[PDB]
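For reference, the structure is listed below as structure tokens.
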Amino acid sequence: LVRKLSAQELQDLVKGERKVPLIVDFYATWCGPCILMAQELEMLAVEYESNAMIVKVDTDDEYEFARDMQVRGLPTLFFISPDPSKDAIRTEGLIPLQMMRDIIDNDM
Amino acid sequence: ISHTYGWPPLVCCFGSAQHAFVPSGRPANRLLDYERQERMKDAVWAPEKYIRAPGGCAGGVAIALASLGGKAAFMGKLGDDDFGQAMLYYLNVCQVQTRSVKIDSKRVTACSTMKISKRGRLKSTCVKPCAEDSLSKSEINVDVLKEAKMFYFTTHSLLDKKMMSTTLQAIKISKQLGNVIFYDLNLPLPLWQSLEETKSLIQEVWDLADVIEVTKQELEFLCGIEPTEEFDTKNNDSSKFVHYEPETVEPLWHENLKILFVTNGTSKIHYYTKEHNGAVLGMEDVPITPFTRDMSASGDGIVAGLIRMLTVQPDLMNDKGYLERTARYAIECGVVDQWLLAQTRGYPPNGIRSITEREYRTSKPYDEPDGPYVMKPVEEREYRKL
Amino acid sequence: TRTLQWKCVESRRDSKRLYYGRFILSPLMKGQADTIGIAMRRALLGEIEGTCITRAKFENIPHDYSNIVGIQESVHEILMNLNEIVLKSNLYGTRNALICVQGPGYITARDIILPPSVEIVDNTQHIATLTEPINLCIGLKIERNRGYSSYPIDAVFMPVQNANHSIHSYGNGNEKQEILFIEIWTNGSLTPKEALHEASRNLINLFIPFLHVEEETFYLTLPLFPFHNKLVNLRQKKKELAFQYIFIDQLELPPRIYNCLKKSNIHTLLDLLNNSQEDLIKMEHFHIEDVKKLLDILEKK
Amino acid sequence: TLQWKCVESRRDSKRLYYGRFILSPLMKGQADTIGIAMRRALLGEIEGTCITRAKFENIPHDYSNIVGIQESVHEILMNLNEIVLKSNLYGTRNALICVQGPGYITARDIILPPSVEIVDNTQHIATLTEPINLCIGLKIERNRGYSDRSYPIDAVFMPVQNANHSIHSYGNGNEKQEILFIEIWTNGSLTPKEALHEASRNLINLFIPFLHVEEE
């Protein structure tokens with residue numbers, strides 16, 4: 001299940017360690033495309049039952065954290081690797097499901 | 001080759017071609033008939049809080065302008081990946097000129113490599129920008145700028161320092177070739193904090209713009225006006241739609257500014273010239289779904305309508321009657337574009353699930369055998385005495 | 001504030017099921033009032049939906065032409081009384097309602113047990129008269145539809161009883177402006193003002209389909225995605241993309257050549273190929289000296 | 001879902017465009033209402049551009065014929081009445097014809113205001129025999145169809161030459177379905193597909209005002 005988290009919960013989740021890639025979905029209640037993105041992400045979560053973790057952060061609540069993550073608009077996804085050396089990937093806009101599968105496999 | 005230039009004049013839209021991307025969203029008031037809303041509440045979807053987005057990206061404005069019979073070319077960079085090629089295909093089918101689109105085999109469309117810091121508070125500090133942030137000055141299509149009579153751009157192209165220098169170069173070249181500069185603010189999400197940062201960032205491009213379009217919320221933010229009207233109240237009080245006097249917008253004026261447009265959605269559009277100022281009432285009771293609630297289709301439609309009128313009669317940029325006509329035309333374009341987007345996207349019930357408005361307004365039978373609306377057996381009846 | 005204004009100049013309540021409204025719209029340019037008037041009239045009389053009882057089920061009745069002991073009216077007379085009951089609802093779908101009463105007394109419309117989406121317009125509408133303490137249970141079905149159509153009930157859904165409009169000259173021939181009046185009669189299921197707004201919305205939804213993209217424009221909610229999935233399928237089983245999806249914008253043609261091809265509505269690579277070498281010369285500003293350089297680009301491609 | 005498509009297109013000449021369009025599926029009675037409204041919008045609600053006044057300079061002596069010009073003054077006015085134009089002009093502008101001498105004066109020789117364009121460059125105006133200078137000032141206007149020694153020109157503003165609609169009805173049992181066809185003829189100043197779009201937008205703009213609310 002896609003879980004809603006605050007900025008402190010995500011900090012505790014990023015600083016820690018995991019064996020699966022982490023997807024952070026910055027969203028707001030007022031954005032229509034963010035609702036469409038929610039439908040794609042729950043399909044993706046079902047495909048990768050335990051192979052990945054999908055979390056969402058409300059940018060209206062956490063505008064300071066959204067800004068410090070260099071979120072320039074909505075929808076915005078962060079693909080964070082469990083390998084510390086690897087760098088994360090920021091995607092902007094409504095991207096197709098296949099791109100998320102490619103990001104998770106090829107570079108996450 | 002000016003003998004080969006046709007009509008209407010070409011418009012160059014400069015920036016990024018994103019897919020359903022919203023820069024920001026601010027609380028807003030729209031004109032509405034609240035007697036109807038109460039009567040139709042069970043059948044017409046409305047947001048709990050009305051929040052309006054200024055618009056979309058430069059690509060969407062080009063698509064909207066091409067739909068109005070205009071001539072639009074998009075200047076930007078896309079990757080050679082499948083998503084970048086799909087977006088290029090979408091622009092070509094929408095009859096946007098993409099000869100000014102640079103295809104980058106080395107960069108990736110809509111994906112940026114960030115270096116997230118795990119020492120203190122989380123920071124991002126982008127490392128490798130996406131394809132639509134890497135347009136270089138050598139890649140600017142000067143031929144498009146020679147033909148184009150208007151140059152359109154938005155603040156999103158000023159966020160990346162490498163991309164900001166390309167935007168400044170394109171603007172300066174366009175001014176040399178006698179192009180009208182249309183600056184659509186569409187303030188991105190980070191800039192809404194630290195007004196001082198916003199002023200420093202946009203100051204240079206602001207003075208080079210002949211036409212500027214801002215939302216009412218953006219105008220208040222740049223002028224240091226704290227919102228004092230109510231939001232989400234069931235009335236159409238004139239304090240929600242106030243036409244600011246020219247003295248209030250004078251500090252933003254500069255020598256070469258021709259027109260300032262202030263938008264409040266399709267509800268009201270204000271215009272300011274050196275000599276004239278005024279406002280036109282509109283209509284914002286359009287069908288809206290959860291998939292279209294940010295009203296970004298209207299903003300692109302409004303700006304496309306303004307561009308269409310300003311480019312076909314460029315000598316009437318100070319005629320008060322034409323400005324009123326231009327503002328009303330923009331309102332109509334925004335209403336139609338918002339109305340169409342609701343039909344295309346539909347309602348919530350690439351796994352994406354949508355239903356039509358006919359299905360959204362279909363109630364349940366209420367035929368439950370335990371329920372009070374069907375014929376029970378003679379045992380449990382309770383025949384209501386007359 | 002607005003130059004063109006509309007307003008209700010008279011709104012009258014003749015009875016619970018007879019509403020009257022008159023509206024004015026001015027000033028209009030010559031010919032616009034005629035266009036609005038006929039389109040509004042046709043929408044009011046033919047495009048506004050209503051809701052009413054579509055059928056009734058009786059418990060112990062052989063046929064709809066018999067009599068019930070204790071009821072002054074006959075079964076056929078009951079159906080006629082049900083047919084005249086005016087209902088209002090904004091939602092679609094077959095709803096069901098119930099009449100479950102014990103006499104003696106007067107059965108009216110207020111005795112109907114309605115689902116939460118449906119409402120009665122006139123309480124006093126008469127259904128039956130009970131002259132004996134009997135039990136009467138009648139099941140009902142309710143639909144919202146356009147036009148007109150257990151025992152079926154011949155439903156006439158249209159709520160607008162009549163409409164009228166007039167056009168009057170505004171005055172001196174500055175632009176030959178005109179004044180439009182619209183009169184609307186409804187059955188109380190919606191007010192004349194609401195009928196005027198619904199007809200306007202229905203008319204817009206009838207004309208706006210022409211403003212969607214033409215059929216078969218995009219390759220077949222989000223029209224961008226299906227073409228992307230085609231590219232993923234093409235990447236596997238390396239096939240390359242057909243020339244119909246390749247546009248001349250992606251060829252390195254000189255700007256003068258590009259403008260000529262676009263001026264002739266040649267957009268894709270396949271459109272360019274089907275044109276011969278004599279046809280391109282027929283286009284203005286495109287000459288024989290331009291054929292070799294265009295062919296060489298296509299030779300190199 | 002309700003969709004439209006162009007089933008036939010043709011360009012007989014520079015001033016004769018034909019187009020046929022389909023809209024389906026429609027519910028009973030809808031196609032007639034759409035077809036009636038669209039036809040009225042196509043014939044008088046679409047703005048066209050025409051020459052409305054002509055003024056012969058150089059003081060041509062106010063006669064019915066001019067020395068050096070084969071055609072009379074009235075024939076020149078009739079020829080100017082037939083010239084097809086398109087534009088986006090707001091208000092009224094002036095054009096000009098200034099021809100040195102012998103040869104054919106055509107629409108190609110008209111000097112046009114900014115947004116005004118000529119559809120058929122070969123349209124004839126006057127034949128000049130003698131090498132006289134002819135200077136004619138023109139008045140150009142953009143108007144809807146339903147709306148000093150300068151000769152008026154009674155122009156008929158109709159970029160859409162003709163329009164018709166027909167309805168086909170299909171059924172399979174109780175399920176009915178109707179299909180709307182719309183035929184459009186234009187004079188080349190506008191394509192039939194463009195005329196279809198402008199008629200729809202003009203109709204929508206006519207009914208938006210009923211949905212307007214007022215400030216309180």
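Chain labels A, B, ... are given in the sequence in which chains occur in the structure tokens; within each chain residues are numbered consecutively from 1, and ligands are likewise numbered from 1 in the order shown.
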Write down as a PyMOL selection string the residues of stretch 48-290 of chain C whose backbone DSSP state falls under strand (DSSP E or B).
-> chain C and resi 50-58+67+71+74+87-88+92+95-102+105-108+113+119-120+126-130+135-145+148+151-152+156+160-169+178-186+247+268
Given only C-alpha atoms, how would the per-residue table for chain B near chain C read, listing every residue at most 8 Å away with its closest atom pair and distance in Å to one decimal, sorted by chain and number, as a tab-separated table?
residue	atom	partner	partner_atom	distance
B:1	CA	C:256	CA	6.6
B:4	CA	C:259	CA	6.9
B:5	CA	C:259	CA	7.7
B:40	CA	C:90	CA	7.0
B:42	CA	C:90	CA	7.8
B:43	CA	C:90	CA	6.4
B:82	CA	C:231	CA	6.2
B:83	CA	C:228	CA	6.5
B:86	CA	C:228	CA	5.5
B:87	CA	C:224	CA	7.4
B:89	CA	C:245	CA	7.5
B:90	CA	C:224	CA	6.6
B:92	CA	C:247	CA	7.1
B:93	CA	C:218	CA	7.3
B:97	CA	C:249	CA	6.9
B:98	CA	C:249	CA	5.7
B:99	CA	C:249	CA	4.8
B:143	CA	C:255	CA	7.2
B:280	CA	C:2	CA	7.6
B:281	CA	C:2	CA	6.7
B:336	CA	C:208	CA	7.9
B:340	CA	C:212	CA	7.0
B:344	CA	C:221	CA	5.7
B:345	CA	C:221	CA	4.6
B:346	CA	C:221	CA	7.2
B:354	CA	C:221	CA	7.2
B:358	CA	C:92	CA	7.9
B:361	CA	C:91	CA	5.2
B:362	CA	C:92	CA	4.6
B:363	CA	C:93	CA	6.0
B:364	CA	C:93	CA	7.2
B:365	CA	C:95	CA	5.1
B:366	CA	C:95	CA	6.7
B:367	CA	C:96	CA	6.9
B:373	CA	C:97	CA	5.3
B:374	CA	C:98	CA	6.4
B:375	CA	C:139	CA	6.5
B:381	CA	C:100	CA	7.9
B:383	CA	C:101	CA	5.0
B:384	CA	C:101	CA	4.9
B:385	CA	C:102	CA	5.1
B:386	CA	C:105	CA	6.0
Sel. of alpha helix (DSSP H) residues, stretch 59-160 of chain C, as an MDAnalysis selection string | chainID C and resid 75:83
Tell me, as a PDB file with N, CA, C and O atoms, in the first residue's frame, which residues lie within 10 Å of residue B:229, counting only C-alpha atoms; anything in the same chain fewer than 6 positions away does not count.
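Listing of part_24.pdb after writing:
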ATOM      1  N   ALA B  28      -8.102  30.707  -4.906  1.00  0.00           N
ATOM      2  CA  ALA B  28      -8.725  31.610  -5.860  1.00  0.00           C
ATOM      3  C   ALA B  28     -10.226  31.662  -5.629  1.00  0.00           C
ATOM      4  O   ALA B  28     -10.821  30.761  -5.035  1.00  0.00           O
ATOM      5  N   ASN B  29     -10.830  32.740  -6.114  1.00  0.00           N
ATOM      6  CA  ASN B  29     -12.276  32.910  -6.124  1.00  0.00           C
ATOM      7  C   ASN B  29     -12.751  32.967  -7.567  1.00  0.00           C
ATOM      8  O   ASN B  29     -12.152  33.661  -8.392  1.00  0.00           O
ATOM      9  N   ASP B 237     -19.225  38.520  -3.978  1.00  0.00           N
ATOM     10  CA  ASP B 237     -18.974  39.890  -3.553  1.00  0.00           C
ATOM     11  C   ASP B 237     -17.831  40.506  -4.347  1.00  0.00           C
ATOM     12  O   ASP B 237     -16.825  39.851  -4.634  1.00  0.00           O
ATOM     13  N   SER B 238     -17.987  41.786  -4.691  1.00  0.00           N
ATOM     14  CA  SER B 238     -17.034  42.452  -5.573  1.00  0.00           C
ATOM     15  C   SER B 238     -15.640  42.560  -4.968  1.00  0.00           C
ATOM     16  O   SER B 238     -14.683  42.811  -5.706  1.00  0.00           O
ATOM     17  N   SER B 239     -15.497  42.381  -3.652  1.00  0.00           N
ATOM     18  CA  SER B 239     -14.169  42.395  -3.049  1.00  0.00           C
ATOM     19  C   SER B 239     -13.321  41.210  -3.490  1.00  0.00           C
ATOM     20  O   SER B 239     -12.090  41.297  -3.457  1.00  0.00           O
ATOM     21  N   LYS B 240     -13.949  40.105  -3.896  1.00  0.00           N
ATOM     22  CA  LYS B 240     -13.200  38.971  -4.418  1.00  0.00           C
ATOM     23  C   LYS B 240     -12.633  39.246  -5.802  1.00  0.00           C
ATOM     24  O   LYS B 240     -11.663  38.594  -6.203  1.00  0.00           O
ATOM     25  N   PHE B 241     -13.216  40.193  -6.539  1.00  0.00           N
ATOM     26  CA  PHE B 241     -12.802  40.525  -7.902  1.00  0.00           C
ATOM     27  C   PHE B 241     -12.630  42.039  -7.955  1.00  0.00           C
ATOM     28  O   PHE B 241     -13.538  42.766  -8.366  1.00  0.00           O
ATOM     29  N   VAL B 242     -11.458  42.512  -7.544  1.00  0.00           N
ATOM     30  CA  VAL B 242     -11.177  43.937  -7.425  1.00  0.00           C
ATOM     31  C   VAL B 242     -10.218  44.337  -8.535  1.00  0.00           C
ATOM     32  O   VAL B 242      -9.184  43.689  -8.739  1.00  0.00           O
TER      33      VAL B 242
END
Closest pair table for chain C residues within 10 Å of chain D, only C-alpha atoms, as a tab-separated table:
residue	atom	partner	partner_atom	distance
C:1	CA	D:214	CA	8.3
C:2	CA	D:214	CA	8.7
C:4	CA	D:209	CA	7.6
C:5	CA	D:209	CA	7.5
C:6	CA	D:210	CA	6.8
C:7	CA	D:210	CA	9.1
C:25	CA	D:210	CA	8.5
C:28	CA	D:206	CA	9.6
C:29	CA	D:147	CA	7.2
C:30	CA	D:147	CA	5.5
C:31	CA	D:146	CA	5.3
C:32	CA	D:206	CA	7.6
C:33	CA	D:206	CA	9.2
C:34	CA	D:40	CA	9.2
C:35	CA	D:40	CA	6.8
C:36	CA	D:206	CA	6.9
C:38	CA	D:37	CA	8.0
C:39	CA	D:37	CA	6.2
C:40	CA	D:207	CA	8.8
C:41	CA	D:33	CA	10.0
C:42	CA	D:33	CA	6.7
C:43	CA	D:33	CA	7.8
C:46	CA	D:29	CA	7.5
C:47	CA	D:30	CA	7.9
C:146	CA	D:28	CA	9.5
C:147	CA	D:28	CA	9.2
C:175	CA	D:147	CA	7.7
C:176	CA	D:147	CA	7.7
C:177	CA	D:147	CA	9.4
C:193	CA	D:210	CA	9.8
C:196	CA	D:210	CA	7.6
C:197	CA	D:211	CA	6.4
C:198	CA	D:211	CA	9.3
C:199	CA	D:207	CA	9.2
C:200	CA	D:207	CA	5.7
C:201	CA	D:207	CA	8.0
C:203	CA	D:207	CA	7.7
C:204	CA	D:204	CA	5.7
C:205	CA	D:204	CA	9.0
C:206	CA	D:34	CA	6.8
C:207	CA	D:200	CA	5.6
C:208	CA	D:200	CA	6.7
C:209	CA	D:3	CA	6.5
C:210	CA	D:4	CA	6.3
C:211	CA	D:197	CA	6.4
C:212	CA	D:3	CA	7.8
C:213	CA	D:4	CA	8.1
C:214	CA	D:5	CA	5.3
C:215	CA	D:5	CA	5.2
C:216	CA	D:5	CA	8.1
C:217	CA	D:5	CA	9.4
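The interatomic distance for the pair atom CA of residue D:194 and atom CA of residue D:8 works out to 14.3 Å.
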Would you work out the distance separating atom CA of residue B:356 from atom CA of residue B:286, expressed in Å to one decimal?
-> 15.7 Å
For the contact check between chain A and chain B, emit one row per residue of chain A within 7 Å, containing the shortest atom pair and the distance in Å rounded to one decimal, counting only C-alpha atoms, chain then rising number order, as a Markdown table.
| residue | atom | partner | partner_atom | distance |
| --- | --- | --- | --- | --- |
| A:15 | CA | B:118 | CA | 6.1 |
| A:30 | CA | B:294 | CA | 6.0 |
| A:31 | CA | B:294 | CA | 5.4 |
| A:32 | CA | B:291 | CA | 3.9 |
| A:33 | CA | B:291 | CA | 5.9 |
| A:35 | CA | B:291 | CA | 6.5 |
| A:36 | CA | B:352 | CA | 6.6 |
| A:39 | CA | B:352 | CA | 5.7 |
| A:40 | CA | B:351 | CA | 5.3 |
| A:43 | CA | B:351 | CA | 6.0 |
| A:67 | CA | B:190 | CA | 5.6 |
| A:68 | CA | B:123 | CA | 5.2 |
| A:69 | CA | B:124 | CA | 5.0 |
| A:70 | CA | B:124 | CA | 6.1 |
| A:72 | CA | B:189 | CA | 5.4 |
| A:73 | CA | B:23 | CA | 4.5 |
| A:74 | CA | B:22 | CA | 5.3 |
| A:75 | CA | B:21 | CA | 6.5 |
| A:87 | CA | B:115 | CA | 5.4 |
| A:88 | CA | B:114 | CA | 5.4 |
| A:89 | CA | B:113 | CA | 5.0 |
| A:90 | CA | B:112 | CA | 5.3 |
| A:91 | CA | B:111 | CA | 4.8 |
| A:92 | CA | B:110 | CA | 5.7 |
| A:93 | CA | B:21 | CA | 4.7 |
| A:94 | CA | B:19 | CA | 5.7 |
| A:96 | CA | B:350 | CA | 5.9 |
| A:97 | CA | B:350 | CA | 4.8 |
Store the residues picked out above in a file with N, CA and C atoms, as a PDB file, in the first residue's frame.
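Full text of again-v1.pdb as output:
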ATOM      1  N   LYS A  15      17.502   8.318   5.672  1.00  0.00           N
ATOM      2  CA  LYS A  15      18.752   8.132   6.405  1.00  0.00           C
ATOM      3  C   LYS A  15      18.984   6.666   6.743  1.00  0.00           C
ATOM      4  N   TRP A  30      -5.063  19.515  -4.750  1.00  0.00           N
ATOM      5  CA  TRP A  30      -5.698  20.352  -5.758  1.00  0.00           C
ATOM      6  C   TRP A  30      -5.264  20.032  -7.183  1.00  0.00           C
ATOM      7  N   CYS A  31      -4.337  19.101  -7.385  1.00  0.00           N
ATOM      8  CA  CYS A  31      -3.759  18.857  -8.703  1.00  0.00           C
ATOM      9  C   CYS A  31      -4.427  17.645  -9.342  1.00  0.00           C
ATOM     10  N   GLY A  32      -5.068  17.865 -10.488  1.00  0.00           N
ATOM     11  CA  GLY A  32      -5.720  16.808 -11.224  1.00  0.00           C
ATOM     12  C   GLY A  32      -4.798  15.701 -11.704  1.00  0.00           C
ATOM     13  N   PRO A  33      -3.680  16.055 -12.353  1.00  0.00           N
ATOM     14  CA  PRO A  33      -2.740  15.008 -12.792  1.00  0.00           C
ATOM     15  C   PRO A  33      -2.153  14.187 -11.657  1.00  0.00           C
ATOM     16  N   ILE A  35      -3.816  13.018  -9.237  1.00  0.00           N
ATOM     17  CA  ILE A  35      -4.787  11.954  -9.018  1.00  0.00           C
ATOM     18  C   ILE A  35      -4.593  10.837 -10.035  1.00  0.00           C
ATOM     19  N   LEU A  36      -4.317  11.197 -11.293  1.00  0.00           N
ATOM     20  CA  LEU A  36      -3.992  10.195 -12.305  1.00  0.00           C
ATOM     21  C   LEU A  36      -2.699   9.467 -11.965  1.00  0.00           C
ATOM     22  N   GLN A  39      -3.233   6.607  -9.542  1.00  0.00           N
ATOM     23  CA  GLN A  39      -3.714   5.365 -10.138  1.00  0.00           C
ATOM     24  C   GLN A  39      -2.573   4.547 -10.733  1.00  0.00           C
ATOM     25  N   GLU A  40      -1.618   5.206 -11.396  1.00  0.00           N
ATOM     26  CA  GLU A  40      -0.470   4.485 -11.939  1.00  0.00           C
ATOM     27  C   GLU A  40       0.377   3.875 -10.829  1.00  0.00           C
ATOM     28  N   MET A  43      -1.042   0.647  -9.259  1.00  0.00           N
ATOM     29  CA  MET A  43      -0.789  -0.484 -10.145  1.00  0.00           C
ATOM     30  C   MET A  43       0.663  -0.935 -10.050  1.00  0.00           C
ATOM     31  N   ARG A  67      10.549  22.229  -1.187  1.00  0.00           N
ATOM     32  CA  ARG A  67      11.508  23.152  -1.786  1.00  0.00           C
ATOM     33  C   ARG A  67      12.940  22.658  -1.614  1.00  0.00           C
ATOM     34  N   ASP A  68      13.278  22.136  -0.430  1.00  0.00           N
ATOM     35  CA  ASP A  68      14.626  21.628  -0.200  1.00  0.00           C
ATOM     36  C   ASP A  68      14.933  20.390  -1.032  1.00  0.00           C
ATOM     37  N   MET A  69      13.912  19.675  -1.498  1.00  0.00           N
ATOM     38  CA  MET A  69      14.099  18.568  -2.424  1.00  0.00           C
ATOM     39  C   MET A  69      14.096  19.020  -3.878  1.00  0.00           C
ATOM     40  N   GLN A  70      14.044  20.331  -4.122  1.00  0.00           N
ATOM     41  CA  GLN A  70      14.013  20.906  -5.466  1.00  0.00           C
ATOM     42  C   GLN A  70      12.858  20.339  -6.289  1.00  0.00           C
ATOM     43  N   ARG A  72       9.909  21.334  -8.384  1.00  0.00           N
ATOM     44  CA  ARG A  72       9.554  22.527  -9.140  1.00  0.00           C
ATOM     45  C   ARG A  72       8.125  22.499  -9.653  1.00  0.00           C
ATOM     46  N   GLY A  73       7.345  21.495  -9.276  1.00  0.00           N
ATOM     47  CA  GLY A  73       5.980  21.385  -9.743  1.00  0.00           C
ATOM     48  C   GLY A  73       5.440  20.004  -9.438  1.00  0.00           C
ATOM     49  N   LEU A  74       4.222  19.757  -9.917  1.00  0.00           N
ATOM     50  CA  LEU A  74       3.534  18.514  -9.623  1.00  0.00           C
ATOM     51  C   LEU A  74       2.927  17.927 -10.891  1.00  0.00           C
ATOM     52  N   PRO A  75       2.898  16.591 -11.016  1.00  0.00           N
ATOM     53  CA  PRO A  75       3.442  15.590 -10.087  1.00  0.00           C
ATOM     54  C   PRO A  75       4.960  15.451 -10.190  1.00  0.00           C
ATOM     55  N   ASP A  87      22.956   7.702  -7.250  1.00  0.00           N
ATOM     56  CA  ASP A  87      22.232   8.953  -7.097  1.00  0.00           C
ATOM     57  C   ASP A  87      20.769   8.762  -7.473  1.00  0.00           C
ATOM     58  N   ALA A  88      19.907   9.560  -6.851  1.00  0.00           N
ATOM     59  CA  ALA A  88      18.475   9.432  -7.056  1.00  0.00           C
ATOM     60  C   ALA A  88      18.063  10.049  -8.389  1.00  0.00           C
ATOM     61  N   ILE A  89      16.818   9.785  -8.777  1.00  0.00           N
ATOM     62  CA  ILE A  89      16.269  10.265 -10.038  1.00  0.00           C
ATOM     63  C   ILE A  89      14.975  11.011  -9.753  1.00  0.00           C
ATOM     64  N   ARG A  90      14.859  12.218 -10.296  1.00  0.00           N
ATOM     65  CA  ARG A  90      13.669  13.047 -10.160  1.00  0.00           C
ATOM     66  C   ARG A  90      12.957  13.096 -11.505  1.00  0.00           C
ATOM     67  N   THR A  91      11.696  12.676 -11.529  1.00  0.00           N
ATOM     68  CA  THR A  91      10.878  12.736 -12.730  1.00  0.00           C
ATOM     69  C   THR A  91       9.767  13.759 -12.540  1.00  0.00           C
ATOM     70  N   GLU A  92       9.462  14.492 -13.605  1.00  0.00           N
ATOM     71  CA  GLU A  92       8.456  15.542 -13.581  1.00  0.00           C
ATOM     72  C   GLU A  92       7.390  15.262 -14.629  1.00  0.00           C
ATOM     73  N   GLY A  93       6.132  15.440 -14.239  1.00  0.00           N
ATOM     74  CA  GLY A  93       5.020  15.208 -15.134  1.00  0.00           C
ATOM     75  C   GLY A  93       4.465  13.804 -15.026  1.00  0.00           C
ATOM     76  N   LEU A  94       3.446  13.551 -15.841  1.00  0.00           N
ATOM     77  CA  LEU A  94       2.764  12.260 -15.862  1.00  0.00           C
ATOM     78  C   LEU A  94       3.511  11.351 -16.831  1.00  0.00           C
ATOM     79  N   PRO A  96       4.710   7.526 -18.328  1.00  0.00           N
ATOM     80  CA  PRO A  96       4.076   6.213 -18.473  1.00  0.00           C
ATOM     81  C   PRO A  96       4.674   5.181 -17.528  1.00  0.00           C
ATOM     82  N   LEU A  97       3.903   4.109 -17.320  1.00  0.00           N
ATOM     83  CA  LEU A  97       4.299   3.065 -16.379  1.00  0.00           C
ATOM     84  C   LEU A  97       5.617   2.417 -16.780  1.00  0.00           C
TER      85      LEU A  97
END
With only C-alpha atoms as the counted atoms, please give the residues lying no more than 6 Å from residue A:21, apart from itself and same-chain residues fewer than 5 positions off, as a PDB file with C-alpha atoms, in the first residue's frame.
ATOM      1  CA  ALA A  52       9.792  -1.655  -3.955  1.00  0.00           C
ATOM      2  CA  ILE A  80      15.907   6.636  -4.306  1.00  0.00           C
ATOM      3  CA  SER A  81      18.287   3.688  -4.511  1.00  0.00           C
ATOM      4  CA  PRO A  82      19.203   1.534  -1.496  1.00  0.00           C
TER       5      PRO A  82
END
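Atom CA of residue B:341 is found 13.5 Å from atom CA of residue B:56.
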